[PDB]
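# Observations on chain architecture
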Amino acid sequence: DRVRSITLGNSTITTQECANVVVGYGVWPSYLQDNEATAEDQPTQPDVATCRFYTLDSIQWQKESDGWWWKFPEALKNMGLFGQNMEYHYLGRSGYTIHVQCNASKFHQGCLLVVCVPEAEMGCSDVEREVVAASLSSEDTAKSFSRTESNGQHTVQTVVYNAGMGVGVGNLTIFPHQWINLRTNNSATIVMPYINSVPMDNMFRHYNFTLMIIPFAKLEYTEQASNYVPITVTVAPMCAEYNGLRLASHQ
Amino acid sequence: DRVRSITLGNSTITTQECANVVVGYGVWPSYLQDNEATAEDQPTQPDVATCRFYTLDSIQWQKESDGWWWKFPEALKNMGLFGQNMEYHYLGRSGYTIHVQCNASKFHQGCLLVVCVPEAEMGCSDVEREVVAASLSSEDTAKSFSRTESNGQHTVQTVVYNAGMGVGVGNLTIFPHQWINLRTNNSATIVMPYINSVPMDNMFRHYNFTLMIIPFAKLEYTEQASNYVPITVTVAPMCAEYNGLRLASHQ
Amino acid sequence: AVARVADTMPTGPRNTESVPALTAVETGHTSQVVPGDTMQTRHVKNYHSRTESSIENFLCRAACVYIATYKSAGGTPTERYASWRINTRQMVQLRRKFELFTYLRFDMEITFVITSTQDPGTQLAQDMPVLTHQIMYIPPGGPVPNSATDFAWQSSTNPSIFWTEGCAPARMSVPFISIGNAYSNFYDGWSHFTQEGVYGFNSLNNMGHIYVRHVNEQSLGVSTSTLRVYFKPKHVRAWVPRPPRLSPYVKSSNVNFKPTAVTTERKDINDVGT
Amino acid sequence: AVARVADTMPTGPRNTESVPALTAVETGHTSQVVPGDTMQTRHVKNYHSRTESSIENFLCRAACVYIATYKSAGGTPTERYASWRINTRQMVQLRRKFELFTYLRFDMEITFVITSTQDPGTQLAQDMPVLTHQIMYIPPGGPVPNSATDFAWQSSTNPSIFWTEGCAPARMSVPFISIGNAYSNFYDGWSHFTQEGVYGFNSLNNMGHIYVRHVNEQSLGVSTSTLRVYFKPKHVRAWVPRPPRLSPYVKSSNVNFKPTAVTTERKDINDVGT
Amino acid sequence: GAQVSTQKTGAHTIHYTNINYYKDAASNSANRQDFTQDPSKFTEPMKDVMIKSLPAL
Amino acid sequence: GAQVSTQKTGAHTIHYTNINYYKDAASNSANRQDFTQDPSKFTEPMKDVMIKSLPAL
Amino acid sequence: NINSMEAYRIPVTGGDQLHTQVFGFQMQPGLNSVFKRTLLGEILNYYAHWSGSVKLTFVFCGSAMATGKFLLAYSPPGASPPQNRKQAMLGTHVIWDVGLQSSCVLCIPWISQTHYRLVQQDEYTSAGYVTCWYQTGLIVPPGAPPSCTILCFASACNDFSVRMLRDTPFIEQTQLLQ
Ligand SMILES: CCCCCCCCCCCCC/C=C/[C@H](O)[C@H](N)CO
Ligand SMILES: CCCCCCCCCCCCC/C=C/[C@H](O)[C@H](N)CO
């Protein structure tokens, strides 16, 4: 069916033209068991105050646009009380729910690829050098891809067909993905569990997964139609818990 | 027995010369039941991240000192994650545990009265006027009493024998109280439950209770002894929960 | 049997409302359409299997990971032994096979292939006994030998293997020796909590070093030797498969690249010839 | 399973008279306080073990104990063979591991690693057969060979092993051969009853000697060889653990030292940086 | 100790013997005959089970 | 002679075989799987058993 | 102070107090100037990996008429080290009242994302800091010594583990000892 509703915390999300819900690699986000845990102290578990939908900034799908990416959970640094527990606790563990919505018309056309890339290590633009943190993820805005080659000395290689990683951009469909076809679809929701090699990790020096939105089939329309087609991203943490409470840093 | 230990969260408090534990008006701090609750939405319950011991500032018991007061929960505005949930949630409900410690010697002497006054409405110094909020409670320091009459136009009447309220200072022993006699005692712990007429209340415009420390028998010593006797206050919230999550204000 | 492939069940003509070919990729779903839905097929008993395509049969083949040379000369004591911070990034044929997966947990056999020669110049040997090599593994933090004939070559706790030339290659087994629960091939993050330092997997690589030397002086001439290390991962579990790499590698500590074309060119879009 | 570590049982808040943190070191007692007494913990199932930290897994690793050289020349017959009064004090890496315990009782495997070379000079060999070495153990009091080609190299009762170059290293097993009931690493006392003589463990070391030689004349040139002895103590029981040593060793028969600082310096007492 | 297992032969004396000589589980031979698979996690990672013959939307 | 014992594996065909070939007890392999311990002799070498929760003095 | 007995002693003093730290060091039991040469850190240097929870016991060796209270804090490595008692009260801390029982065990928990930490640590497997601050201060009677001495102890709990034997980088030699 095409109508869904996802209620988390004090916030709901209603859609009327939905494809389905892709759920990670099969499993649902849950809490850390006693069989796998290694932190000795008691973990905190804020149910409603942390696990709720946060709406990020809006971008503009232009006719010459090529792609964007957000790195998580760094994109929700100043989003409510989820970002306040990250500063006070040394450890964190959470799953997510990534709702991406872009409605245009019956007369517009286009396509998007919404992947969630775990451990998306990204390559620099000047080889024999290294990126900096200010070039990987902005504070709330989207870092975009470039159609041509990136010339910078400390930026990500933001070419689009190599996906910023050195791999084929068509082969990104292994990861949990949907497609926003403006002919059939309106929104794309992806539920990602906690994917890491360690049971918990500090969510300041480790981007857990990267959300990429890439238009494979570009946007065209007619001059009678609208000329502003925005994309909005709404991400909710799910089953979040923390350890290691100390002073806030930073700040 | 004289040795106790109170463990809350990731923090413990050890004493070796304890009187007892006064527990409010008989009852223990607990969570709000479904029989009495009026807020419809789900409340948050941070166990370890909020309900733990917070050490306030230290004062100096001089030989001519007369008293201090702290208003709660305004004194823990910038204390950890307890103060971060107060800004984000419109409603709050918590009990407390007030450990006050002052060790001097076998050769010092003195006495203190540690009361917890629910709804301690305080009188201005210029009658036919009204106090301001900056004169009732500082950001972390203690507001003190004066031996003489207060002459200010917008301050509390900080005379000590009227206790700043218009009542007798000897009759403050109705409230949950201990005594730090330096002959027999070293610390004073008081467990206060949630005392209000409403089930929950916004903890910015309503000081729930005021902690007062008043020396009835003053401090004297000999010149061979130490001349710096400080008092330290350590307050832990207990069974804290919140409702009404919105934007942080303030700030 | 195990683990065979599915058979094609026989199919006749049809005129149905249940069309299985028409689907929707927008849900992020790969279709389960077998050939019996779009054409008439016959009952064949497919006896093929996927034993050669499992994870354990794909990775349990030894691959070279380093090539190290060292001398037996006099002077320049850095050439009298070789060093290796342990990597799986220096040789590309095993680096690309590992980097199809994000995480990996396995045991390993490690085979050392040492092959020597005689160095030229005056005052040659003309009668030499066999050579013997000591291949010491130093866990992270141990005493590093500054040269050959050092005190750190005693190895009372470091595992060392002694090997004379002419016999079979040396080989031992190593368990899953990581700190975490999987060898992270990719690490999207930093080393310091202030988002500064070393971006990438090079901060997670803390496995130790490998030192190899000649235990014999000789006393007449020089003979170089070439240690080649071989890695065979066994008892392999793997998680989160990645796309295979497109651009060629540049560095042994980075995923840095230069942007390459997606495929090789062809003449036309409809180029069924020739 | 065996031998795992204890789990942390879950803990809530408390207000008790039973304080477990306050103790008294004056009784000479190390406290049994687990983290559940001073903070709230959660139930984790700790699956770690202490198999790698036992006595047998700590000491059953071979370490070098001697390095001995000998010739095949003509003239100076003391260089034609090597000697060793058997010690565990000459190489430091095994000396420090033994000296964490006062007493020790074990069996042993002893591996000999012999590595030769060709000595320089005129009239070289240019065609030599393989070398063979005889490694005779003389229990205390036996006939000492004065040189190579002696009558004492018959060894009708002394255990000897003959080893050609090019094969695997020689290896045999030795039981607990002490006079007492434990190898005393430390001996606070003398040798004579009048409190005179040799103070220390050097009077208790009566284990015999080890002699190694070439059984072949050659008849053309000289080839030096280097015997390296390796000790692996197995079936180990140990008693009375000692503090590990701080100052570096000087002598092979003494605990004499020079007074060293207790640690390395740092800038301040409150030096949490950087 | 004699773990008699079957060899690898193609479907149209097939048994072998194997002893574990060493005291460590990392010392064993490779687990070349574990042929499990579960491709539904990447092919069908949906919340609702999708039928082929029924329409998707 | 076949002393079938268990290998070393981590808790979330594990048996090996061992023969004693030589006539001496010092000829055997190492006793790497004896994991007993008794730390009370150095941690609590007291005459009276001390309780944690009860005070020492 | 390393060529004397004063390395093991902590100075505490009289007036007034409490704008000063008592001591402070990183939590690195195998690689630190503080406690790699102790009994715990000497056996740790024979291994590469370590795990478990570490105890710290503090004896007050002042006079029997001296009072006092201290704050013994431990901080996870997520943020900057604390500079006063307002930043150090948020971490794991106990409060030690000096009395008839003259010891207090601050038990550092095992909080990390990995099951094991390296002995020769780095920026990845850092464990944090251990600080100590005055809660109230020393109050002595007339005729008593005004300054005292605290001793520090370190040992392991019952869930400590080591792994991956290696040689210690603590002792060296050049030639054979004669
Ligand atoms: C002289 C005796 C040599 C003993 C040989 C042991 C040394 C090798 C130990 C390390 C090998 C473990 C496997 C390592 C794999 C890579 O590091 C991972 N893919 C990266 O995390
Ligand atoms: C040519 C055949 C050689 C046979 C090899 C046997 C010689 C070695 C016998 C002595 C070794 C026994 C172990 C000795 C240990 C130390 O002496 C003790 N730690 C000191 O008391």
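As recorded by the PDB entry, chain C carries the name VP1 and is attributed to Echovirus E3. The title given to this PDB entry is "Echovirus 3 F-particle".

By the naming in the PDB entry, chain A goes by VP2 and is assigned to Echovirus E3.

Right, let's talk about the sheet that holds strand β8 (residues 209-214) of chain C for a bit. Residues and elements named next belong to chain C. Within the open sheet, the 4 strands sit side by side as β2-β8-β4-β5. Their pairing is antiparallel. With one partner strand each, in any of the chains shown, β2 (81-85) and β5 (160-164) form the two edges of the open sheet. Put simply, the sheet's adjacent strands are angled 15 degrees from each other on average, direction ignored. Examined bridge by bridge, strand β4 (residues 132-138) and β8 share 6 bridges and lie antiparallel to one another. Paired with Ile135 across the bridge in β8 is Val212.

Tallied over the entire structure, the rule returns 25 salt bridges over all chains. Among the salt bridges present, the one from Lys77(A) reaches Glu74(A), with a minimum N-O distance of 3.7 Å. Residue class for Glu74(A) comes out buried when judged on its relative accessible area of 8%. Among the charged side chains, a salt-bridge network with shared partners connects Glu109(C), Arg171(C), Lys232(C) and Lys234(C).

The strands making up a sheet are joined through hydrogen bonds of the backbone, oriented either antiparallel or parallel. Residue and element names in this part refer to chain A. The sheet built from 5 strands is open, its strands ordered β3-β10-β6-β12-β4 with mixed pairing. Pairing within the sheet leaves two strands with one partner each, and these edge strands are β3 (18-23) and β4 (54-60). Averaged over all adjacent pairs, the angle separating strand axes in this sheet is 25 degrees, with direction ignored. Of the pairings in the sheet, the one linking strand β6 (residues 89-101) to strand β10 (residues 187-192) comprises 6 bridges and is antiparallel in character. Note on β10: the bridge partner recorded for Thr97 is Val191.

Each partner contributes residues to the interface: chain F has 23 residues there, and chain D has 28 residues. Between chain F and chain D lies a buried interface of about 2,200 Å² when both sides are counted; carbon and sulfur atoms form 57% of it. When residues of chain F are sorted by the area they lose upon contact with chain D, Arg32(F), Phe35(F) and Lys52(F) head the list and together hold 28% of the total. Counting across the interface, chain F meets chain D through 0 salt bridges. Counting the contacts that link chain F with chain D gives 9 residue pairs in polar contact.

Let us now look at the site of ligand 2. Residues and elements named next belong to chain D. Ligand 2 sits among 16 residues. The nearest are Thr88, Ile135, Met136, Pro159 and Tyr183. Elements represented by at least two residues in the shell around ligand 2 include exactly β5 (101-116), β6 (132-138), β7 (160-164) and β8 (170-174). Looking at which element gives the most residues to the shell around ligand 2, the answer is β6, with 3 residues. By residue class, the composition of the shell around ligand 2 is 14 nonpolar, 2 polar and no charged.

Enumeration over the complete set of coordinates arrives at 41 aromatic pairs over all chains. Each ring, one from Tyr25(A) and one from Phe42(E), has its centre 5.8 Å from the other, and the planes form 80 degrees; the classification is edge-to-face. Note that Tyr25(A) is positioned in the loop between β3 and β4 and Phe42(E) in helix α1 (residues 40-43), a pairing that runs across two chains. Every member of this aromatic cluster is reached through a ring pair, and the members are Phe23(G), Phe25(G), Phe35(G), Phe58(G), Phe60(G), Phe70(G), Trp96(G) and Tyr134(G). Directly above the ring of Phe186(C) sits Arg242(C), whose terminal nitrogen or CZ lies 4.1 Å from the centroid. Note that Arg37(G) overlies the ring of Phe170(G), its terminal NZ or CZ placed 4.2 Å from the centroid.

Cut-off values and rules
- Residues numbered from 1 in each chain as written, not as in the entry; some residues may be left out.
- Chains lettered and ligands numbered in written order.
- Part of a larger assembly, values for the part shown.
- Heavy atoms only, no water.
- Residues with missing side-chain atoms left out of burial classes, pairs and counts.
- Pairing = 2+ DSSP bridges.
- Helix = DSSP H or I, 4+ residues; strand = E, 2+ residues; numbered from the N terminus.
- Axes fitted to C-alpha atoms, helices over the stretch in contact; angles between N-to-C directions.
- Salt bridge = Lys/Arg side-chain N within 4 Å of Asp/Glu carboxyl O.
- Buried < 20%, exposed > 50% of the residue type's maximum accessible area, 1.4 Å probe, protein only.
- Contact = heavy atoms within 4.5 Å.
- Buried area = accessible area lost by both parts, 1.4 Å probe.
- Polar contact = N/O pair within 3.5 Å; in protein donor to acceptor, adjacent residues only side chain to side chain.
- Near = heavy atom within 4 Å.
- Nonpolar A, V, L, I, M, F, W, Y, C, P; charged D, E, K, R; others polar.
- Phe/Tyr/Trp six-rings, centres within 6.5 Å; stacked < 30°, edge-to-face > 60°.
- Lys NZ or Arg CZ within 6 Å of the ring centre and 35° of its normal.

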